[PDB]
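The analysis underlying the following values was restricted to heavy atoms, covering all of them including side chains, and did not include hydrogens, waters or symmetry mates. Numbering starts at 1 and runs along the sequence shown.
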Amino acid sequence: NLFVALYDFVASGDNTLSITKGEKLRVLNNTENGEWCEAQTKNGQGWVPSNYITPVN
């Protein structure tokens, strides 16, 4: 479940997580992933747009 961020995204609140273009992240197998998916990086865990990331492996 390794992904890389395609575009910068800035958390606006509501358990969202900021990510940076090129950042590697892990998508947790959260039971409620959807248009948004729960990601994990060194800056925390939180929702990111599913269309802003792409799988790596």
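Between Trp36 and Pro49 the shortest side-chain heavy-atom distance falls below 4.5 Å. Taking 4.5 Å as the limit, every side-chain heavy atom of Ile53 sits out of range of all side-chain heavy atoms of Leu6. Taking 4.5 Å as the limit, some side-chain heavy atom of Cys37 sits within range of a side-chain heavy atom of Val48. Residues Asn43 and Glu23 have side chains in contact (heavy-atom distance under 4.5 Å, counting atoms from C-beta outward). Proximity of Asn33 to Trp47: side-chain heavy atoms (C-beta onward) are separated by under 4.5 Å at one or more points. Residues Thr16 and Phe9 form a side-chain contact, since some pair of their non-hydrogen atoms from C-beta on lies under 4.5 Å apart.
Side-chain atoms of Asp8 never come within 3.5 Å of backbone atoms of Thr20 as a donor-acceptor pair (strictly under, hydrogens ignored). Within the 3.5 Å criterion, the main-chain N or O of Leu25 finds no donor-acceptor partner in the side chain of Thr41.
When all heavy atoms of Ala11 and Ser18 are compared, the closest pair comes out as N-OG, 2.8 Å.
Atom CG of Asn30 is separated from atom CD of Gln40 by 11.5 Å, given to the nearest 0.5 angstrom. In this structure, CG in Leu28 is found 4.5 Å from CD in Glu38, a value given to the nearest 0.5 Å.
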